[PDB]
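Report on the structure
Residues per chain, in single letters:
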Amino acid sequence: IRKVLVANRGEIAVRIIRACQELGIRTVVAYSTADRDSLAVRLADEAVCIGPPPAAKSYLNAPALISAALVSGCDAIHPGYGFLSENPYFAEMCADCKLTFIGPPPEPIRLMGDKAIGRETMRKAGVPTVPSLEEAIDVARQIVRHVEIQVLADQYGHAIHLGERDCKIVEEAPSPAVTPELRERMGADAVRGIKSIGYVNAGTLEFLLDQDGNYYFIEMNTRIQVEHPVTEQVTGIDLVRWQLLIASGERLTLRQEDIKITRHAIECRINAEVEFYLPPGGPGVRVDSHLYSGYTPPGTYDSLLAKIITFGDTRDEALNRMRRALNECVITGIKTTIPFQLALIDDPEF
Amino acid sequence: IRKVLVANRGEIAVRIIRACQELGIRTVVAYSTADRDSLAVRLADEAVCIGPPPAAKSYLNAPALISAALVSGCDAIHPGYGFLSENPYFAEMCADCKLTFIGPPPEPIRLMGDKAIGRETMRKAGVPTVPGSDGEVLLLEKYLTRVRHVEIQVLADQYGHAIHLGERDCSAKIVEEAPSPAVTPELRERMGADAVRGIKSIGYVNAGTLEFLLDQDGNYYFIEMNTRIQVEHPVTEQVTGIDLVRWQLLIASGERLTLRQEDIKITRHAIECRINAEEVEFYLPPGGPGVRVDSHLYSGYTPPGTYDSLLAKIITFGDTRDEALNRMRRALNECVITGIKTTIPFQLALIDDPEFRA
């Protein structure tokens, strides 16, 4: 992979540019009339305006995105999260036009696009899923947290799991209800399922968790999630770089024994000019944002402004480091979701 | 500890305030008239002007600082690094006035304060010292050329327990790295053991850093010791998982180092760039994966010139040394410190210099 087209905006745009740069991958970014003043335009080597401020006109328009890759010499497109990431047509078009879609192959996206088909595809895999009048009584005499599992795979059949995250305004990894043994079990079933559908790259399978520890699959996201940085903190893995590498055609040199959860991490999403922006910092803080002082946020797309992810060796260490980092994050000129999140962290029930 | 007074200015002060806050400790900052505009003043719970812009007048005024603590309800004083961090008197003075110096005792400060006495004290403690003067002549040592500057972090408690938390290649101080490319895992255990015993011999409590020199054949020679926290400490905390400033405050509250040496491993590769000055109208720190930024900068901050040139500290980490150096390049091309010139361009050049990489 030599030059990538980033077809998203915001944080995820900056995050893909950061991954690319760390790997020697040049970058061209796709922006709308509304996202001209994005940090991504500055951070990226090159940039192309694909359309008008509305999304259908722009980010959800594949012909424009492919054209941008082509004018720019990009050999790959990173979908990001949202938009056309889980669109199987865009993937096919990227291939037809000889560009590498950094993601799952078109077919796994379609199977998991319909929740029902996916639940069945997974039942066939052996992944646990949710459990005449007379027949109905009989079925009834034999008959929840939200936890998500991270998976990653090669173009050669090796897949791994990178753990669980608990859920969206706050996400924490590890789950506070998950023992090491369940995680291992939840993950294997997941890796097996992704292998069943022939999955390539990163993805996340959502499950619902019982009082007794029984797990039932709900949906799979064939993309990267907003919730990825928390997994990384706990495991030491750059998932975004790995996607670029896998797309390059490289093998997953990682193994399951290699992946272990070492820290407790929590992520809070800060959502709605940012006249002043002082991120937090110091020990135990990661800020993934596209904000800067002097930024007039476009309201055409999201609420998201910043993502602070605090880690620690205990859950309370991390919760207390977020306390600090949310009282240090100075997003001025706009009202933010920081005040609410501060309440949640110190909610006794949380 | 209920409340601490931060007796320093700058990036450092925010570090101690940050640590204190994580541990539930109230913070009062002491500032010069020049340093009222600082972030530390905003971040801190309370603030006391201890005096005018000159240091002797303000930050080297132990009476002002002690009084400030007392008036503000502070029961501890973190001397920071620099200033009176290694002044034996301020430590004694703090005790007599019923305050807790967040640092070593007054005598390991005093012995190690004179380099000559330090070399000597450590020689008698079994640590190899540089071939040179036995005592004072000014001190003389031999000029060792083919040597590298490596340093060992030591942490210790009031009950006689001490651990080393690794090495730091302080060679290049504008750039610091951990692990050293010359120190093998065994040597880290050897060098650090010599450091742990030495500090046990001198009766040390709290954080300190013994500085050594390492020959081409791998042999170490003590040169100096800083009985304080260092500007170079974030790098180790990123390879070990231990907060050094938090532990300082804890040791002085009288708590036991619950860390055995088995529990400390250098599992990553970190590196740190000091961005120096050689109004910040626009400040934008780097971030993302693998970046930690310790700074006092803000968009609008008028950096004083008075005490240091330091503007920011960027620390990047990774499983490989080049992974570390490549996340740095990004971090440095992302840091926008506008309105003041900085050292960033020189840092980006060295990180990509052939020798450094090797």
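Numbers attached to residues count from 1 within each chain as its sequence is written and can disagree with those in the entry; no residue without coordinates is shown. Lettering for chains starts from A, numbering for ligands starts from 1, and both go in the order in which the items are written. Side-chain calculation: all heavy atoms of the structure are included, whereas hydrogens and water are not. Residues with missing side-chain atoms are left out of burial classes, side-chain pairs and their counts.

This is how the line gets drawn: UniProt positions are given in the numbering used here, feature names are shortened, and annotations may be inferred rather than shown by experiment.
Under the PDB entry, the name given to chain B is Biotin carboxylase, and the organism recorded is Chloroflexus aurantiacus. For this structure, the PDB header gives the title as "The homodimer of a biotin carboxylase isoform from chloroflexus aurantiacus". UniProt, in its Catalytic activity (unreviewed entry) section for chain B, records the words "N(6)-biotinyl-L-lysyl-[protein] + hydrogencarbonate + ATP = N(6)-carboxybiotinyl-L-lysyl-[protein] + ADP + phosphate + H(+)".

As recorded in the PDB entry, chain A goes by Biotin carboxylase and comes from Chloroflexus aurantiacus. Recorded under Subunit (unreviewed entry), the UniProt text for chain A is reproduced unchanged: "Acetyl-CoA carboxylase is a heterohexamer of biotin carboxyl carrier protein, biotin carboxylase and the two subunits of carboxyl transferase in a 2:2 complex." In the Pathway (unreviewed entry) part of its UniProt record, chain A is described as follows: "Lipid metabolism; malonyl-CoA biosynthesis; malonyl-CoA from acetyl-CoA: step 1/1."

**Considerations on the domain arrangement of chain B**
Residue and element names in this part refer to chain B. Filter applied, for reference: Domain start and end points were adopted from an automatic or database domain assignment. Whether two residues are in contact is decided by their heavy atoms, any of which lying within 4.5 Å being enough. Computed with a 1.4 Å rolling probe, the buried area is the accessible surface lost when two parts are put together, summed over both parts. We define a salt bridge as a contact between a side-chain nitrogen of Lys or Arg and a carboxyl oxygen of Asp or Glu at a distance within 4 Å.
Domain boundaries in chain B define domain 1 (3–102), domain 2 (107–263) and domain 3 (269–357). Taking only C-alpha atoms into account, the centre of domain 1 sits 26 Å from that of domain 3. Contacts between the two partners involve 19 residues from domain 1, matched on the other side by 13 residues from domain 3. In total, about 1200 Å² of surface goes out of reach between domain 1 and domain 3, with carbon and sulfur atoms giving 48% of it. For the domain 1 face of the interface with domain 3, the top three residues by lost area are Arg 9, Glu 11 and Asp 37, together amounting to 44%. For the interface between domain 1 and domain 3, the tally reads two salt bridges. With its nearest N and O atoms 3.6 Å apart, the salt bridge here joins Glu 11 to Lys 313.

**With respect to unusual backbone geometry**
Convention followed: The secondary structure listing takes helices from DSSP runs of H or I that are at least 4 residues long and strands from runs of E that are at least 2 residues long, numbered from the N terminus. The cut-offs for exposure are 20% and 50% of the maximum accessible area for each residue type, with area from a 1.4 Å probe on protein chains only; residues under the lower value are buried, those over the upper are exposed, and the others partly exposed.
Residue A:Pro174 is bonded to the preceding A:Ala173 through a cis peptide linkage, with omega at -5 degrees. Geometrically, the link from B:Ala178 to B:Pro179 is a cis peptide bond, its omega value of 10 degrees lying close to zero. Inspection of the secondary structure assignment puts B:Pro179 in the loop between β8 (175–178) and α7 (185–202). Unusually for a residue other than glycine, A:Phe83 sits at a positive phi of about 55 degrees. Secondary-structure assignment places A:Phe83 in the loop between β4 (76–78) and α4 (88–96). For A:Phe83, a relative accessible area of 28% puts it in the partly exposed group. Residue A:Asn201 is not a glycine yet carries a positive backbone phi of 75 degrees. Looking at the element boundaries, A:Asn201 is found in strand β9 (residues 201–209). Residue classification places A:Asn201 among the buried positions, given a relative accessible area of 1%.

**Points about the packing of aromatic side chains**
Put simply, the rule is: Aromatic rings from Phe, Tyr and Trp, with only the six-membered ring used for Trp, were paired whenever their centres fell within 6.5 Å, and each pair was classed as stacked if the ring planes differed by under 30 degrees, edge-to-face if by over 60, and tilted otherwise.
Within this structure, the stated rule accounts for 16 aromatic pairs over all chains. A centroid spacing of 6.1 Å and a plane angle of 70 degrees characterise the contact between A:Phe276 and B:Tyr298, whose relative ring orientation is edge-to-face. Taken together, the residues A:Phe276 in strand β12 (residues 276–278) and B:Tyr298 in the loop between β13 (291–295) and β14 (310–318) connect one chain to another. By relative accessible area, A:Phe276 is classed as buried at 18%.

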